[PDB]
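Student: Quick one: this structure, given as structure tokens, is what I'll be asking you about.
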Amino acid sequence: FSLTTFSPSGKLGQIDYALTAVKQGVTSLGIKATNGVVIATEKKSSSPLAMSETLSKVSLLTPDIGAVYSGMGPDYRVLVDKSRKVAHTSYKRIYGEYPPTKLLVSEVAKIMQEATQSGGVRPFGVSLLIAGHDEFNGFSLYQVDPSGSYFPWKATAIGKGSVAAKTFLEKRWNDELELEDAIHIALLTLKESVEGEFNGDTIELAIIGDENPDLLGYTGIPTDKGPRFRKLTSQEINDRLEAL
Amino acid sequence: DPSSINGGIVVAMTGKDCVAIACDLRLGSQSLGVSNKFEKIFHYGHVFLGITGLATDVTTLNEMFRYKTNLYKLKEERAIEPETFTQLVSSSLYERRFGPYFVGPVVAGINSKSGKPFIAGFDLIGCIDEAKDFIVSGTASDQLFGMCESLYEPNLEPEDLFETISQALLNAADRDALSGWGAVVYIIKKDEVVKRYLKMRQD
Amino acid sequence: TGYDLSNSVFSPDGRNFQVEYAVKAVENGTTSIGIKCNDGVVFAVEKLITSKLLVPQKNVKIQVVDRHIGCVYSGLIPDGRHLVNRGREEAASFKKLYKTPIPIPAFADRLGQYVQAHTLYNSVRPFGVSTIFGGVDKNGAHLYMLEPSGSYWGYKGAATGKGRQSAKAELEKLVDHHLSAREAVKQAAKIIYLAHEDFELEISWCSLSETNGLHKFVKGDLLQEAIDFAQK
Amino acid sequence: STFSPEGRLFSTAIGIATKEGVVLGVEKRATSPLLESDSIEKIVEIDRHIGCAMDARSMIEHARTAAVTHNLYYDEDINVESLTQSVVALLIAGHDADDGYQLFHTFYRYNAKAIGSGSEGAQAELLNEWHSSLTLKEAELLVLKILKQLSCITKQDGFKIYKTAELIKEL
Amino acid sequence: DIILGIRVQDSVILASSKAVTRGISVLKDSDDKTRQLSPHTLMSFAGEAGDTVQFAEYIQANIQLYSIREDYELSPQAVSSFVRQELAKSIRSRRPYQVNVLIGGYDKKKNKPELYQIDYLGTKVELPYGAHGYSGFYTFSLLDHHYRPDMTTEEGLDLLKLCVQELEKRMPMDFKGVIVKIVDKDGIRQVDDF
Amino acid sequence: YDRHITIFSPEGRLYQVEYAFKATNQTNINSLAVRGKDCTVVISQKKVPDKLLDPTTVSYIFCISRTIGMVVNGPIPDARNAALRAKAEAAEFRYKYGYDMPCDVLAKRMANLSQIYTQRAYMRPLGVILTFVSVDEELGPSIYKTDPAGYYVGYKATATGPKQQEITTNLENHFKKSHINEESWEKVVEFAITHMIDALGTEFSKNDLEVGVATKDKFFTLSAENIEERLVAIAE
Amino acid sequence: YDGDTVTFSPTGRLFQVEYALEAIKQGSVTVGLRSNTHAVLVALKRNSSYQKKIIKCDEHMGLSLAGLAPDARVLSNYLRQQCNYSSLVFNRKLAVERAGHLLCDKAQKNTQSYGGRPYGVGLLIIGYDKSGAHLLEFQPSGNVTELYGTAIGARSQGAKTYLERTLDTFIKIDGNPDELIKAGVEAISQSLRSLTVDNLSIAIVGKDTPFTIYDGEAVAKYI
Amino acid sequence: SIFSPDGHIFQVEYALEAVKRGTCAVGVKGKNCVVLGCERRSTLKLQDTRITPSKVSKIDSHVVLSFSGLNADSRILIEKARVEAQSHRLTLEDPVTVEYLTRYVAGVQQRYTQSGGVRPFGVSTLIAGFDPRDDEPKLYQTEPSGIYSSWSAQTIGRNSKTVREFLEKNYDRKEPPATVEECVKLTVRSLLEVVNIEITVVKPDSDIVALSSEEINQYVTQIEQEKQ
Amino acid sequence: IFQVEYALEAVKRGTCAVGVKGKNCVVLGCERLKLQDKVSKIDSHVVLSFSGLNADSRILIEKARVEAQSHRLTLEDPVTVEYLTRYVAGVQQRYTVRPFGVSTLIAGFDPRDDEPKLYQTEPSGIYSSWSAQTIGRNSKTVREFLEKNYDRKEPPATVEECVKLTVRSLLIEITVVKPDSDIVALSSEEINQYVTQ
């Protein structure tokens with residue numbers, strides 16, 4: 001039997017509860033620039049002895065697409081595993097190229113929607129900011145909600161501090177942003193949201209930008225590109241904080 | 001040999017900024033010639049597919065690829081490109097590998113973004129054979145191989161490309177028992193496609 | 001109240017109430033005990049006489065599994081038979097795949113996994129029996145005791161049922177004061193008689209020396225010696 | 001699929017079973033003159049020598065399938081009591097070479113039985129009226145009598161539905 | 001065996017042999033090897049014994065199901081497409097339908113006669129005239145010689161007379177004549193004076 | 001009915017998962033794991049209430065693989081279920097991918113199973129917290145801990161149980177003042193036992209502790225006689 | 001807690017199983033007893049014809065029912081299936097003890113799995129095999145007891161008490177089927193609060209006797 | 001998904017409510033074309049408008065589908081409809097009629113109101129297009145209950161009642177809109193009753209065009225100066 | 001069963017359908033917003049009309065059509081009206097998570113036969129034969145009219161009489177079914193001429 005059902009007001013209750021779970025989640029944000037996308041999030045820890053470097057809240061789906069979440073982490077982990085699986089089997093093995101951001105986002109939304117309409121399963125308690133690049137649509141940033149609804153954004157924030165983060169991004173965001181300025185604005189918005197310690201180990205950033213052939217892992221095939229997604233290391237974030 | 005039942009041949013060549021694909025029109029039941037109107041070249045936008053081999057499989061794959069490219073265009077809001085379509089054809093042949101289709105496809109087209117010629121073929125091993133000069137398929141593949149290998153030269157103008165490919169097809173078809181009854185040549189450019197029917201031996 | 005009407009539900013305390021109610025069902029059963037001796041194990045059980053019309057020696061309660069494992073249980077006797085049937089299937093499958101008879105700890109784990117599985121889903125009920133079982137294998141004598149929760153441990157001596165506490169009071173004294181198989185049978189009879197405070201005493205045992213490691217029932221002269229020792 | 005704490009799980013058809021044959025009778029009780037009276041098949045054949053007076057259609061289909069299967073498998077007519085088990089309130093009536101004429105209503109055999117809202121009085125009227133020497137004529141007329149307050153099974157005719165106007169006029 | 005079809009200016013003419021032969025003897029000499037799929041579509045079929053009629057009745061049932069479902073007469077082009085799908089699927093199934101068909105129809109929306117030849121592999125081809133098996137080995141030369149797209153039904157019937165005479169003269173077996181049916185804007189009719 | 005099956009409450013909480021967390025403490029035994037320079041040690045309280053028990057069998061430390069060991073906090077039936085599943089997964093990985101499953105891969109796979117129980121309403125979460133320890137072929141000494149919610153993370157050192165906070169406080173103080181720098185696994189075992197004693201304020205006999213040591217190419221559990229030597233060395 | 005067969009009560013009882021046991025108390029009494037040589041079933045049928053309370057499984061075994069008759073049909077058909085399988089695979093007359101254990105293990109399934117209900121019928125099985133005459137009592141809970149004699153169904157306690165007092169006697173009845181049947185008919189009598197040739201039913205099996213049922217005139221000489 | 005004591009299905013009624021809370025959709029069919037419209041709701045500054053998809057989705061070269069309700073369910077319906085439209089061609093080599101695709105979508109929606117273990121789609125749809133080798137426009141509606149109907153003009157979603165009242169007294173059955181311009185004018189006027197527009201015109205021979213923001217701007221300017 | 005009774009309520013809210021069978025034919029009549037712009041053939045000789053949830057009627061009609069063709073495919077003989085009614089009734093029975101909220105009038109002729117047939121089915125899956133019947137909203141009133149205007153000993157004799165009785169009962173689309181697969185729906189102007197007269 002279905003666990004997600006329409007209430008007399010027409011709302012889906014479990015979807016509202018999953019959105020509440022998301023609103024309790026840690027703040028994460030993404031900013032779309034003229035020459036890239038930056039998606040950032042802060043990393044709270046279960047203990048000071050926990051090795052936070054083992055958990056990545058920003059994950060690569062395809063070498064040109066990456067996702068960050070807000071809400072329940074295990075749900076995000078399984079949903080990312082499924083997203084990678086489908087991006088490979090249902091698109092790349094068929095067409096020889098990785099799906100564009102729009103189609104992969106549609107497929108993630110499909111996965112999340114099925115949990116909203118199948119019996120014996122609750123909705124995913126996460127919202128995703130999926131940033132990617134593709135040749136025909138360019139850089140794009142999508143937010144995906146527990147219901148499977150997704151919209152494109154110039155900049156956005158999800159989680160606990162989403163309201164203040166979005167109010168700040170509306171003021172800061174503008175056209176002709178270069179990706180370095182987008183990173184700067186992302187770090188400022190994330191600093192204003194984090195009440196704890198703020199450094200390269202409590203913050204996680206990744207960018208969709210220029211192709212990185214050095215990360216390709218091989219040479220000699222001129223037509224292979226190299227990932228556009230790249231996580232900023234702890235030191236790379238720290239050096240930028242030292243110039244904030 | 002299922003591919004030899006109906007016969008027919010397809011050849012694709014690359015010119016200067018343009019592509020040509022040509023095929024014979026004969027459909028036959030082995031020795032008996034049935035139809036002179038069975039065109040083996042289909043297009044799914046700006047990308048052309050010539051399919052030789054068993055005629056039922058040719059029709060089945062034409063229907064299947066029309067379906068798949070229509071869905072691709074609806075979902076992606078863009079037309080499928082020659083390279084993406086080559087990958088799609090390769091994967092679709094593989095999905096039936098055990099109990100395969102008895103066909104040899106030939107993709108021909110111009111990539112709309114880069115605007116440069118593309119032709120590709122698929123062999124029995126299923127390996128994509130993307131060629132800079134020409135692809136041949138069908139019963140007269142040997143005749144076509146020698147003919148194209150002698151006549152082809154790089155960077156042919158469209159009017160010279162037409163003559164080269166039409167002569168290659170006509171002289172190979174003349175020496176193949178199961179090929180003939182007319183030929184059609186497509187000259188594919190950035191902006192237009194010209195379809196021509198060739199005068200040839202009707203025996 | 002509220003969290004105890006289904007088998008798969010945790011209460012706010014983290015306790016599963018249906019399993020605890022199955023334990024209550026176990027507590028109602030007749031007393032059964034197991035004793036581990038230096039080279040074997042001994043099983044005994046209190047069989048209550050419901051009426052004079054029961055044929056007095058043919059309502060056997062102790063069950064053998066394969067040839068070296070003996071099982072005795074208290075609580076819902078049909079559930080004990082169900083568990084023993086599953087144990088026999090497991091032992092037979094092990095012997096089929098591997099020509100060696102199933103080791104006692106391996107058998108204990110198989111039964112524990114089966115019993116615990118009945119505590120996972122709401123569509124099934126926990127076993128209402130705590131099962132003392134054991135035997136002799138390539139590495140000695142082993143004595144185990146399941147609980148409706150699927151929990152089990154190795155024991156030097158085990159008791160369960162309505163008289164489990166009185167029986168444990170004597171098992172502790174046995175372990176403190178010692179116990180060979182011959183003496184083990186008599187002490188098992190003594191413990192059953194003491195804990196009973198009509199019934200038929202049924203005894204069984206598996207020892208490397210005295211049974212060559214095969215599970216056998218106590219009958220005839222040895223049974224009568226155990227009974228008179230208990231009366232003594 | 002549950003037991004109560006007390007241990008128990010939580011028209012009018014009249015039949016008379018004589019030694020010359022069984023007789024069944026029913027109140028059609030059409031709702032309106034428009035309803036096709038012919039289509040009220042409230043007495044049905046189960047086998048050549050078995051019929052019943054009444055989920056109904058499905059059960060009757062399975063009963064007919066079982067009876068024909070038994071005939072196919074054994075080249076013999078299914079015993080009514082065996083059919084009751086192997087198979088709405090029912091009156092099952094039929095004949096066999098083991099016990100002859102029978103009528104059943106968990107199934108218990110009856111010499112005569114009534115079902116429906118009139119059962120509670122028809123039972124007393126049957127108890128007062130039924131006797132062993134009834135010939136098929138009196139059995140028919142007594143069916144009609146208790147209805148006021150057709151079909152038959154015979155070794156010669158088998159199960160058949162009635163003629164009827166005449167037997168009413170003879171009442 | 002003999003299944004012939006000719007498309008003329010206004011109609012489609014299908015001819016099929018009347019004989020049914022099982023082994024040593026001719027069982028029937030009046031068999032009709034055609035099914036009316038639609039009020040204006042007619043399918044002739046030939047091949048091995050049981051498959052022909054089984055496939056024909058299956059196709060007729062499915063086409064009538066489509067027609068009733070959509071309250072619309074499927075065009076001959078769509079009917080031939082469906083028949084080709086069914087043949088092409090079965091050829092790579094456990095038991096293929098080894099059946100060759102000619103589908104002659106009058107497309108009421110285009111107001112044009114249409115003739116399609118489909119072999120047991122699913123090789124659909126739209127033809128001016130058609131013939132399945134060895135029957136084409138004799139009739140195609142006559143049809144190539146005499147066929148004109150502008151013939152009237154009378155001229156097409158005369159050309160079928162010529163083809164059937166040639167088959168009777170040279171082909172070894174006795175196919176007991178042909179049944180000739182005409183598909184037209186007025187529906188399907190049978191020529192008895194043939 | 002949001003409190004009886006794994007579905008969201010109006011607060012977005014999954015009360016069944018949170019109650020499964022409560023179950024983990026119901027065995028009332030504490031454990032801690034520390035990483036040495038080249039080995040990992042796990043310490044767990046072996047509380048034995050009954051004199052008739054065979055202490056050899058009372059054990060919450062499992063040898064999942066040649067290299068990986070697992071200590072469980074929670075009911076022993078669920079702990080054994082988890083251990084069996086982890087053993088099966090490690091063997092299947094060694095079969096499919098041709099090399100021993102890494103500790104963190106096993107932790108991720110187990111946390112994914114746990115998350116599945118937290119997503120499918122038919123299945124209840126296991127009331128166990130799993131702590132995997134190994135000396136990884138690449139990453140070296142490793143501690144990974146999985147919880148009923150499907151969350152897992154690597155640790156420098158970790159403790160679990162009713163007095164988890166006290167042990168974690170002691171470890172935090174030591175790590176501030178100082179991995180555990182020792183030259184052989186015996187010294188880090190002695191260090192772990194010492195900090196267990198100090199945090200719990202309770203002396204231990206050879207019967208009160210169960211100890212598992214992860215070294216290169218072997219995870220093994222110390223017998224009571226070895227723990228006796230370790231306690232003697234601490235007494236010195 | 002009594003709504004389904006899966007729920008334990010806080011006291012550890014399965015209410016549905018106890019309700020199924022109460023279902024048997026609604027059925028008419030049936031009595032069973034045996035010597036070493038012969039085993040007897042005596043049943044009070046109730047009406048309309050008197051429903052047959054005895055069921056024959058084999059020449060060497062048969063049974064009677066108290067409670068819900070459809071459950072009796074199911075269990076008896078399963079028992080036939082097992083006996084036929086034993087004779088099919090081993091040519092071995094299935095022992096009465098093993099048949100009883102098969103019934104025990106089959107019925108216990110319904111008391112643990114959801115979706116089913118316990119069999120609301122209690123059965124008495126008598127048989128003769130290489131071990132002699134046997135008598136088993138089957139209950140909805142799955143429990144099976146091998147007995148010298150017993151009675152089940154409404155008001156069977158009186159017959160059971162009579163059998164308890166008479167046990168010293170009828171165990172000694174070797175090779176005298178008539179005296180055993182007389183003792184059985186006397187025992188069932190104390191459960192009445194009468195017997196007619198059509199109401200009463202009797203069955204017997206033993207060393208020489210294949211399982212036979214007496215109904216009608218056949219039982220007249222024993223009333 | 002079970003009957004109420006009064007015979008209504010609770011989940012279907014609540015899905016109808018979910019549709020009623022959804023954003024507006026409107027369509028009018030004239031002599032030669034069908035026009036679909038919706039208000040952008042582009043009041044948010046950071047929404048990426050240039051790549052935001054339109055409400056109107058092509059199912060096939062000759063058919064478009066608009067909807068109001070839950071977007072996620074609408075995408076499932078759209079993908080199923082596209083797959084069926086292509087499958088019909090692959091089976092019988094003709095494109096679907098608008099009636100056939102409407103019936104398929106309605107059957108999909110119905111199946112979820114009767115099958116157990118699933119909830120209804122909270123989406124009502126407007127399906128517009130032209131039949132193969134035909135020139136008369138077709139416009140249809142589907143809603144969660146699984147029933148469908150043909151319309152000369154219709155609106156769904158929030159404020160559907162008001163603009164439907166407007167349409168009833170502006171659309172004339174005897175003299176329907178005669179040109180694309182009049183259809184677009186009427187569609188814009190109907191949407192302006194609710195207080196930026198996207199307009200899609202579907203025309204025979206698979207001609208589907210989204211009117212540019214300047215073109216709707218000119219239409220709105222004409223309508224506004226008419227209002228004065 | 002409660003769900004079946006609620007399905008009956010859904011049936012009784014639906015628009016009324018009516019049928020009358022005369023000597024030679026069966027006539028089915030049916031009761032059909034400002035901006036908005038029943039009888040389904042199962043086979044060439046059988047028609048089905050329904051009242052209730054329109055959506056469920058499509059499921060039933062599709063299944064009935066599939067069975068009507070499958071019968072011809074398995075047995076040469078086309079379905080009889082009795083057989084199709086029985087099949088539709090069984091299909092309705094089996095679904096009782098929710099029943100079909102539809103009652104159906106099934107009319108037509110048996111293959112190569114000339115006795116008109118009219119049948120009814122209801123959500124419980126009970127079916128019966130009628131000389132004239134109506135289903136749907138206010139079906140009781142119009143049925144009461146039929147009971148007194150329809151005559152069992154002298155039923156309508158011609159298509160005109162059957163259509164007249166149907167129109168009077170309804171007081172509109174009319175479908176006339178006649179042997180040899182003759183099914184025709186009357187034109188609007190014909191129905192208007194009947195109504196005015």
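Chain labels run A, B, ... following the order of the structure tokens; each chain numbers its residues from 1, and ligands are numbered from 1 in the order shown.
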Using backbone DSSP assignments, extract all alpha helix (DSSP H) residues from segment 72-203 of chain A; output them as a PyMOL selection string.
Tutor: chain A and resi 73-86+93-95+101-117+162-172+179-191
Student: Neighbouring residues of segment 8-21 of chain C were defined as those with any atom within 8 Å, considering only C-alpha atoms; residues of the same chain fewer than 2 positions away were excluded. Please report them as a PyMOL selection string.
Tutor: (chain C and resi 3-6+23-25+119-122+126+148-149) or (chain F and resi 4-5+16+19-24+26+123-124+127) or (chain G and resi 7-12)
Student: Identify all chain F residues at most 7 Å from chain A by counting only C-alpha atoms; ligands do not count. Present them as a list in words.
Tutor: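 The contacting residues on chain F are residues 7, 8, 9, 10, 11, 12, 13, 112, 115, 119, 120, 121, 122, 150, 151, 153, 154, 155, 156, 157, 158 and 172 of chain F.
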Student: Excluding residue 167 of chain E and any residue of its chain fewer than 2 positions from it, enumerate the residues within 9 Å of it, using only C-alpha atoms, and give them as a list in words.
Tutor: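 Non-adjacent residues within range: residues 2, 135, 138, 139, 162, 163, 164, 165, 169, 170, 171 and 172 of chain E.
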Student: Please compute the atom CA of residue 127 of chain H-atom CA of residue 68 of chain E distance, one decimal, in Å.
Tutor: 23.3 Å
Student: Which neighbours of residue 4 of chain G fall inside 10 Å, counting only C-alpha atoms, when residues of the same chain fewer than 3 positions from it are skipped, and could you give them as a VMD selection string?
Tutor: (chain D and resid 1 to 3) or (chain G and resid 1 7 to 8 14 to 17 111 to 117)
Student: Store the residues picked out above, limited to C-alpha atoms, as an mmCIF file, in the first residue's frame.
Tutor:
```
data_model
loop_
_atom_site.group_PDB
_atom_site.id
_atom_site.type_symbol
_atom_site.label_atom_id
_atom_site.label_comp_id
_atom_site.auth_asym_id
_atom_site.auth_seq_id
_atom_site.Cartn_x
_atom_site.Cartn_y
_atom_site.Cartn_z
ATOM 1 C CA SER D 1 -9.743 -16.194 9.384
ATOM 2 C CA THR D 2 -10.276 -15.708 13.113
ATOM 3 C CA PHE D 3 -12.032 -17.413 16.018
ATOM 4 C CA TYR G 1 -3.756 -9.351 21.352
ATOM 5 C CA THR G 7 0.626 -11.965 18.496
ATOM 6 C CA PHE G 8 1.861 -13.190 21.856
ATOM 7 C CA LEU G 14 -1.583 -17.339 21.933
ATOM 8 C CA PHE G 15 -5.229 -16.380 22.314
ATOM 9 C CA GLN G 16 -6.257 -17.582 18.852
ATOM 10 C CA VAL G 17 -4.873 -21.051 19.560
ATOM 11 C CA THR G 111 0.028 -21.052 14.675
ATOM 12 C CA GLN G 112 3.165 -19.081 13.741
ATOM 13 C CA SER G 113 2.708 -17.677 10.234
ATOM 14 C CA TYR G 114 0.387 -14.783 9.459
ATOM 15 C CA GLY G 115 -2.557 -15.132 7.098
ATOM 16 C CA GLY G 116 -3.735 -18.531 8.324
ATOM 17 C CA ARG G 117 -5.782 -19.779 11.246
#
```
Student: Considering only C-alpha atoms, give me a table of residues in segment 152-225 of chain A that are at most 9 Å from segment 63-68 of chain A, with the closest atom pair and distance in Å for each, as a tab-separated table.
Tutor:
```
residue	atom	partner	partner_atom	distance
A:206	CA	A:66	CA	7.9
A:207	CA	A:66	CA	8.3
A:208	CA	A:64	CA	6.8
A:209	CA	A:64	CA	8.7
A:211	CA	A:64	CA	8.6
```
Student: Would you save the residues from that selection as a JSON list (two decimals), in the first residue's frame, using N, CA, C and O atoms?
Tutor:
```json
[["chain", "number", "residue", "atom", "x", "y", "z"],
["A", 206, "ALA", "N", 33.38, 22.21, -4.50],
["A", 206, "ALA", "CA", 33.72, 21.63, -5.79],
["A", 206, "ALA", "C", 33.25, 22.59, -6.86],
["A", 206, "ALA", "O", 32.31, 23.36, -6.66],
["A", 207, "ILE", "N", 33.91, 22.54, -8.01],
["A", 207, "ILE", "CA", 33.60, 23.44, -9.11],
["A", 207, "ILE", "C", 33.37, 22.63, -10.37],
["A", 207, "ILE", "O", 33.96, 21.57, -10.57],
["A", 208, "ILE", "N", 32.50, 23.14, -11.23],
["A", 208, "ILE", "CA", 32.43, 22.75, -12.63],
["A", 208, "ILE", "C", 33.02, 23.90, -13.42],
["A", 208, "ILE", "O", 32.45, 25.00, -13.44],
["A", 209, "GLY", "N", 34.15, 23.67, -14.07],
["A", 209, "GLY", "CA", 34.84, 24.74, -14.77],
["A", 209, "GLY", "C", 35.51, 24.27, -16.04],
["A", 209, "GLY", "O", 34.93, 23.53, -16.83],
["A", 211, "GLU", "N", 38.03, 22.19, -18.48],
["A", 211, "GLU", "CA", 38.45, 20.80, -18.49],
["A", 211, "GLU", "C", 39.86, 20.68, -17.91],
["A", 211, "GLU", "O", 40.74, 21.48, -18.21]]
```
Student: Per residue of segment 4-45 of chain I within 8 Å of segment 168-189 of chain I, what are the shortest atom pair and its distance in Å to one decimal, counting only C-alpha atoms, with rows by chain and residue number, as CSV?
Tutor:
```
residue,atom,partner,partner_atom,distance
I:18,CA,I:170,CA,7.5
I:24,CA,I:178,CA,6.9
I:25,CA,I:178,CA,4.9
I:26,CA,I:177,CA,5.3
I:27,CA,I:176,CA,4.6
I:28,CA,I:175,CA,5.0
I:29,CA,I:174,CA,4.4
I:30,CA,I:173,CA,5.7
I:31,CA,I:172,CA,5.5
I:32,CA,I:172,CA,6.1
I:39,CA,I:175,CA,7.5
I:44,CA,I:181,CA,5.1
I:45,CA,I:181,CA,4.4
```
Student: Skipping near chain neighbours, those fewer than 2 positions away, what residues fall within 8 Å of segment 133-135 of chain I using only C-alpha atoms, listed as a PyMOL selection string?
Tutor: (chain D and resi 34) or (chain I and resi 11-12+16-20+50-51+103-105+120+130-131+137+139+142-143+146)
Student: With a distance cut-off of 10 Å and only C-alpha atoms, select the neighbouring residues of residue 232 of chain A, excluding the residue or stretch itself and same-chain residues fewer than 6 positions from it, and output the selection as a list in words.
Tutor: residues 40, 200, 203, 204, 205, 206, 207 and 238 of chain A
Student: Next, the residues of the selection above should be written as a tab-separated table (two decimals), in the first residue's frame with N, CA and C atoms.
Tutor:
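Result went into again30.tsv, see below:
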```tsv
chain	number	residue	atom	x	y	z
A	40	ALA	N	28.98	24.37	-2.80
A	40	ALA	CA	29.68	24.35	-1.53
A	40	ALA	C	28.74	23.88	-0.43
A	200	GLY	N	39.22	25.17	5.83
A	200	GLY	CA	39.21	24.24	4.72
A	200	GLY	C	38.83	22.82	5.09
A	203	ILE	N	34.78	22.91	5.59
A	203	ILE	CA	34.09	23.37	4.40
A	203	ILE	C	34.49	22.48	3.23
A	204	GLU	N	33.53	22.20	2.35
A	204	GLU	CA	33.77	21.40	1.16
A	204	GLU	C	33.26	22.14	-0.06
A	205	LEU	N	34.15	22.40	-1.01
A	205	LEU	CA	33.81	23.03	-2.28
A	205	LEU	C	34.18	22.13	-3.44
A	206	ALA	N	33.38	22.21	-4.50
A	206	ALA	CA	33.72	21.63	-5.79
A	206	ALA	C	33.25	22.59	-6.86
A	207	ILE	N	33.91	22.54	-8.01
A	207	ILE	CA	33.60	23.44	-9.11
A	207	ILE	C	33.37	22.63	-10.37
A	238	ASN	N	41.85	26.79	1.98
A	238	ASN	CA	42.50	27.61	3.00
A	238	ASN	C	43.19	28.82	2.38
```
Student: Compile the contact shell of segment 15-18 of chain H as a ChimeraX atom specification: residues with an atom at most 8 Å away, counting only C-alpha atoms, same-chain residues fewer than 3 positions apart removed.
Tutor: /A:6,8-11 /H:11-12,21-22,69-70,120-124,143-145
Student: Between atom CA of residue 74 of chain E and atom CA of residue 119 of chain E, what is the distance, to one decimal in Å?
Tutor: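 These two atoms are separated by 20.9 Å.
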Student: Report as a ChimeraX atom specification the set of chain E residues whose atoms approach chain I to within 10 Å, with distances computed over only C-alpha atoms.
Tutor: /E:54,57-62,64-66,68-69,71
Student: Run DSSP on the backbone of this structure and report the residues of segment 142-197 of chain H it assigns to strand (DSSP E), as a PyMOL selection string.
Tutor: chain H and resi 142+148-150+153-156+197
